[PDB]
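Participant:
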Amino acid sequence: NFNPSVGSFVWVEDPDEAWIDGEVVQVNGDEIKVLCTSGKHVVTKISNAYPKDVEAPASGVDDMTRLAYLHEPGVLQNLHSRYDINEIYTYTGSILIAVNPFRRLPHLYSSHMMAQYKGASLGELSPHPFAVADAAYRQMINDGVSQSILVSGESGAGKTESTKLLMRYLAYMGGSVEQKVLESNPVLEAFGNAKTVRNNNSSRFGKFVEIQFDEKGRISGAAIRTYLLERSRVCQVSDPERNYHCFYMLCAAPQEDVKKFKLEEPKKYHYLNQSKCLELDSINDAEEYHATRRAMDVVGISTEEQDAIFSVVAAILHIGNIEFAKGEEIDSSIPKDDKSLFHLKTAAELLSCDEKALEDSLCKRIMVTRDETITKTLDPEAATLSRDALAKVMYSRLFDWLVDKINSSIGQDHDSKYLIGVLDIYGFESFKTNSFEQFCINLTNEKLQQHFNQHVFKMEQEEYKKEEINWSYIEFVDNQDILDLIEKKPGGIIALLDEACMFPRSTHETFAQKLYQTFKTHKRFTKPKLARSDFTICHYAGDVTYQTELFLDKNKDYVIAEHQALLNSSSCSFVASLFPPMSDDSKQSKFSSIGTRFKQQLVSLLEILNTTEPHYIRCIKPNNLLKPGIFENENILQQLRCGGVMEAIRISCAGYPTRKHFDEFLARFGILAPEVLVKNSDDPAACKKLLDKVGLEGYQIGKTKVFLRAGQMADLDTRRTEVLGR
Ligand SMILES: Nc1ncnc2c1ncn2[C@@H]1O[C@H](COP(=O)(O)OP(=O)(O)O)[C@@H](O)[C@H]1O
Ligand code: ALF
Ligand SMILES: [Mg+2]
Ligand SMILES: [Mg+2]
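Throughout the sequence shown, residue numbering follows the entry's author numbering, covering 4 to 178, 186 to 736 in sequence.
Right, dumping it as structure tokens:
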């Protein structure tokens, strides 16, 4: 076991900074007194203490499994040391660990650096996402099976940056399709990314990039898949956060390019004024407009199609400045001041429709009756809800048109045999107020971590028990019950939300009370005492309390009748093309459920990833100030524990990554030792004896399969290739 010396350096617990560095000064029977470099003297039992590796280089260890002292402080200190010398990447078994640098490293990601990793093995070079990308490319041809790379972490930990690296390297192995997949990121980030408290350039939509490869290995096609874009940001923004980049790009654009839009300072427009943050130090909005147009030309978006897109973006900004006051008649709406009539006229001119038809779209809805057509009027509060509804649907139809035009140039089938898919989702985020959009984001992260848990801890250890192997079970925290809490078919938070959405005039307190009487006897569900309509979920990353105030509203997906009627009446080809013409030999739907639609998309994505061989990259956010050179133990310790990094190191150190059937084993490696006899095609004793003849040790013989350590299968294929070639 462990026995501390009278004078030695050990790790001890501390209220802050997690573990602290100390030196024992006194030794009792079972307790010891440590002395930290800080000077404080702590007293604790020996079992709480952990030995410290004094002989540790600043470079640390490239693999956490090769660490001399496997425990939490050594993992934390190995990470910290490599972070100080700008070595952000580090391996854990086959998994890659990435700590956010929060600074530019041009040499670490140059195209020359790609050539260095072109033929490199996973462990030959220093850890890098290019090595994970190459591993996915090599394992695709050696197996003929599709691959997928899965990037995880909390919000702002570097998933989107990590995905850009994988795409730049994957385009290098198959190489005009390559250029357009790389230029699709700036276009989508202009309309799907915005500043939050967690990330200055936070992804508000999840993407799944699919790279197609033919049998020869060329990049035949590529496709991008986007999931639940947040459109509520268009209308309501918190003070720290910012609206989508496109709005600020257009206000910083050269005046001759946007002279027709009649744009003002950003602080004037209602959809941006709520934030009170209009500029970013890390983002130059003027350059982003020039970069986005440049990227749009690469994808093939016509310059005339670019003008109509920005006309919609500038129109949405004008629409937000249309205030409503009480009309002369009861429950009537009218523009408040003459400035709202300016914006109402401008937004109609930018949308190529009638100014009065636009005004009648927000102030007055029409009731549907077979006997005659009647028009009611709206109160100012109802009219405000009608203009915010118009903007959201206009922005999502615009964002969806982009993803359709992107794949209309880079998406095609050349009868390819397999693909590689890198997955970029939104990270687990928690704010002082948590809406329905957060509920789906954290659900997505919850589902991805379960996939990690299954393919790393559940499926691996079931085989170990199945094969009668000598093995100590490694316990872990499973989040399956949280998934059953949300997407259970016979009553889940998603399923219950559709129930309350069917009943008209259902308040958020009724859906709230329904959650309490149903999930009362549950471990992962909690209710705040003073909050009637707020519910808390014990997420794997931490407790998050949600507000159901807007849950029923965010879930219903519908198109306002007079909204689609106006947008269809537009003289501009692009504006009318944003809404499909329904009701002509077509079915009319009351509303569609976003919760079930998003759940269905999440299951289909999971089923495609279950047919591919996965590769994991765990991103880590080192600090919350979004600045470099700040390594915080508490932030990183809580991410390692809830992410299961400690258990993964334990499974990678003692586990067996590769297993082959006896018949597959004697066929390939029986040629290594011709003198070793074999009784039949699947004889287990020959496997034991053929491995001893080669000199391998630590292997384990199972019920029906052999089990080898991380690098033991690799040298057997190299030994085989040498003898068969001779
Ligand atoms: N490899 C990297 N090189 C440079 N900056 C990085 C890198 N990874 C992350 N960052 C920084 O972290 C920020 C957030 O990263 P991002 O990919 O947006 O995380 P997430 O997708 O999880 O929100 C970036 O805007 C950038 O400043
Ligand atoms: F932009 Al994120 F998690 F915050 F992908
Ligand atoms: Mg992102
Ligand atoms: Mg929404």
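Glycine is no exception: its CB is placed at the ideal position from the N, C-alpha and C atoms.
Contact defined as beta carbons within less than 8 Å: I believe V309 pairs with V197. What is the distance between those atoms, to the nearest angstrom?
Facilitator: Position 299 of the sequence shown holds residue 309. Position 187 of the sequence shown holds residue 197. Sure, about 6 Å apart at Cβ, within 8 Å.
Participant: Go ahead and pull the three-state DSSP assignment for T166.
Facilitator: Within the sequence shown, numbered from 1, the residue matching residue 166 stands at position 163. Of the three classes helix, strand and coil, the one that applies to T166 here is helix, per DSSP.
Participant: Among all the DSSP beta bridges, which residues are the ones paired with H44?
Facilitator: Indexing the sequence shown from 1 puts residue 44 at position 41. In DSSP, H44 forms a bridge with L38.
Participant: Sort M67, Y254, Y86, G25 by Cα distance to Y53 and report the nearest one.
Facilitator: As a first step, residue 53 is located in the sequence shown; it is residue number 50 there, counting from the start. If we check each option's Cα against that of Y53, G25 comes out closest.
Participant: For the alpha helix (DSSP H) holding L400, just list the boundary residues, first then last.
Facilitator: Within the sequence shown, the letter at position 390 stands for residue 400. Taken as a continuous stretch (DSSP letters only), the alpha helix (DSSP H) holding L400 covers 390-420.
Participant: Taking the straight line between their C-alpha atoms, what separation do you get for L327 and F257?
Facilitator: Indexing the sequence shown from 1 puts residue 327 at position 317. Indexing the sequence shown from 1 puts residue 257 at position 247. One C-alpha to the other measures close to 8 Å.
Participant: Under the DSSP definition of a beta bridge, which residues are partnered with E16?
Facilitator: Here residue 16 corresponds to residue number 13 of the sequence shown, with the count starting at 1. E16 is bridged to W22.
Participant: With distances taken between CB atoms, is the gap from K386 to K374 smaller than 8 Å?
Facilitator: Residue numbering aside, residue 386 sits at position 376 when the sequence shown is read from its first letter. Residue numbering aside, residue 374 sits at position 364 when the sequence shown is read from its first letter. Yes, they are a contact pair.
Participant: Determine the closest residue to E559 out of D594, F521, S596, with distance taken between C-alpha atoms.
Facilitator: Start at 1 with the first residue of the sequence shown, and residue 559 comes out as number 549. That would be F521, whose Cα lies nearest to the Cα of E559.
Participant: Hey, out of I416, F545, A541, whose CA is closest to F449's CA?
Facilitator: In the sequence shown, the residue the question calls residue 449 occupies position 439. Residue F545 is the option with its Cα nearest to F449.
Participant: Where DSSP assigns a beta bridge to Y94, which residues make up the other side?
Facilitator: What you label residue 94 is simply residue 91 of the sequence shown in a count that begins at 1. Looking at the DSSP assignment, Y94 forms a beta bridge with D66, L99.
Participant: Less than 8 Å between the CB atoms is what I'm expecting for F223 and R235, so what's the real figure, rounded?
Facilitator: Stepping through the sequence shown from its first residue, residue 223 is reached at position 213. Stepping through the sequence shown from its first residue, residue 235 is reached at position 225. Not a contact, Cβ separation roughly 17 Å.
Participant: Are there three or more Cβ pairs, one per stretch, closer than 8 Å when the region 340-353 is compared with the region 283-294?
Facilitator: Flag = no, the region 340-353 and the region 283-294 do not touch.
Participant: Just list the residues that DSSP pairs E220 with in beta bridges.
Facilitator: Start at 1 with the first residue of the sequence shown, and residue 220 comes out as number 210. For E220, which the question treats as bridged, DSSP gives the partners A233, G431.
Participant: Could you give the first and the last residue of the continuous beta strand (DSSP E) run that contains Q150?
Facilitator: Taking the first residue of the sequence shown as position 1, residue 150 is located at position 147. Start and end: 150-155.
Participant: Is any heavy atom in ligand 4 found nearer than 7 Å to the beta carbon of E707?
Facilitator: Start at 1 with the first residue of the sequence shown, and residue 707 comes out as number 697. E707: no, Cβ never under 7 Å from ligand 4.
Participant: Output the residues surrounding ligand 4, defined as those with a CB atom closer than 6 Å to any ligand heavy atom, in chain order.
Facilitator: Every residue passing the under-6 Å Cβ criterion appears here: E240, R241, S242, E447, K564.
Participant: Could you tell me the distance, in whole angstroms, from the CA atom of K468 to the CA atom of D673?
Facilitator: Within the sequence shown, the letter at position 458 stands for residue 468. Within the sequence shown, the letter at position 663 stands for residue 673. Approximately 26 Å between the Cα atoms of the pair.
Participant: Around the Cβ of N31, are there at least 16 other Cβ atoms within 10 angstroms (buried) or fewer (exposed)?
Facilitator: The residue given as residue 31 occupies position 28 in the sequence shown. Classification for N31: exposed.
Participant: Is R69 near ligand 2, going by C-beta to nearest heavy atom under 7 Å?
Facilitator: Here residue 69 is taken as the residue at index 66 of the sequence shown, counted from 1. No, since every heavy atom of ligand 2 falls outside the 7 Å radius drawn around the Cβ of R69.
Participant: Here's a check: name, in chain order, each residue in its chain whose Cβ is nearer than 7 Å to the Cβ of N480, leaving out the five neighbours to either side.
Facilitator: Counting from one through the sequence shown, the residue named residue 480 turns up at place 470. Closer than 7 Å at the Cβ level, and outside the excluded window around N480, lie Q710.
Participant: Among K442, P264, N565, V45, which has the Cα closest to the Cα of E298?
Facilitator: Position 288 of the sequence shown, counting from 1, holds the residue named residue 298. When each option's Cα is compared against that of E298, the closest is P264.
Participant: Kindly provide the ranges of any beta strand (DSSP E) runs that are 3 or more residues long and lie completely inside the region 598-633, ordered along the chain.
Facilitator: Taking only runs of at least 3 residues, the beta strand (DSSP E) segments lying wholly in the region 598-633 are 623-630.
Participant: I'd like the list of long-range same chain contacts for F486, defined as Cβ closer than 8 Å, with 5 residues on each side in sequence excluded.
Facilitator: By 1-based counting over the sequence shown, the position of residue 486 is 476. Taken in chain order, the residues that qualify are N463, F467, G654, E657.
Participant: Check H115 in the structure and name its three-state DSSP category.
Facilitator: Numbered from its first residue, the sequence shown carries residue 115 at position 112. Looking at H115 - three-state DSSP - the assignment turns out to be helix.
Participant: Would you kindly report the start and end of the unbroken beta strand (DSSP E) that includes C548?
Facilitator: Position 538 of the sequence shown, counted from the first residue, corresponds to residue 548. 544-549 is the extent of the beta strand (DSSP E) around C548.
Participant: Is the separation between the beta-carbon of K524 and that of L506 shorter than 8 Å?
Facilitator: Numbered from 1 along the sequence shown, position 514 holds the residue referred to as residue 524. Numbered from 1 along the sequence shown, position 496 holds the residue referred to as residue 506. Yes, Cβ-Cβ distance for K524 and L506 is below 8 Å.
Participant: How far does the alpha helix (DSSP H) with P76 in it reach, from first residue to last?
Facilitator: As a working note, residue 76 is residue 73 in the sequence shown. It spans 75-87 - the alpha helix (DSSP H) in which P76 sits, taken as one unbroken run.
Participant: Does the region 151-162 come close enough to the region 627-634 to have 3 or more Cβ pairs within less than 8 Å?
Facilitator: Enough Cβ pairs lie closer than 8 Å, so yes.
Participant: Return the Cβ separation of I229 and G178 in integer angstroms, given the expectation that the two are a contact with Cβ distance under 8 Å.
Facilitator: Taking the sequence shown and counting its residues from 1, the one referred to as residue 229 is at position 219. Taking the sequence shown and counting its residues from 1, the one referred to as residue 178 is at position 175. Going by Cβ atoms, the distance from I229 to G178 rounds to 7 Å, so yes, they are a contact pair.
Participant: Any heavy atom of ligand 6 closer than 7 Å to the Cβ of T454?
Facilitator: Here the bound small molecules are ligand 1, ligand 2, ligand 3 and ligand 4; ligand 6 is not part of this structure.
Participant: State yes or no: is the C-beta of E164 nearer than 7 Å to some heavy atom of ligand 2?
Facilitator: Here residue 164 corresponds to residue number 161 of the sequence shown, with the count starting at 1. No, the Cβ of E164 stays beyond 7 Å of every heavy atom of ligand 2.
Participant: Tell me the residue span of the beta strand (DSSP E) that contains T668.
Facilitator: In the sequence shown, counting from the first residue as 1, residue 668 sits at position 658. Unbroken beta strand (DSSP E) run through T668: 668-671.
Participant: Whole angstroms are fine: how far does the CA of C363 sit from the CA of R214?
Facilitator: The sequence position of residue 214 within the sequence shown is 204, counting from 1. The sequence position of residue 363 within the sequence shown is 353, counting from 1. Straight-line Cα distance between these residues: approximately 30 Å.
Participant: Cutting at 6 Å between CB atoms, please list the residues of its own chain near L706, excluding the five before and the five after it.
Facilitator: Sequence index remark: in the sequence shown, residue 706 carries index 696 (1-based). Answer for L706: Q722, listed in chain order.
Participant: Determine contact between the region 561-578 and the region 596-603, defined as no fewer than three beta-carbon pairs at a distance below 8 Å.
Facilitator: Judged by Cβ distances under 8 Å, the region 561-578 makes contact with the region 596-603, as three or more pairs qualify.
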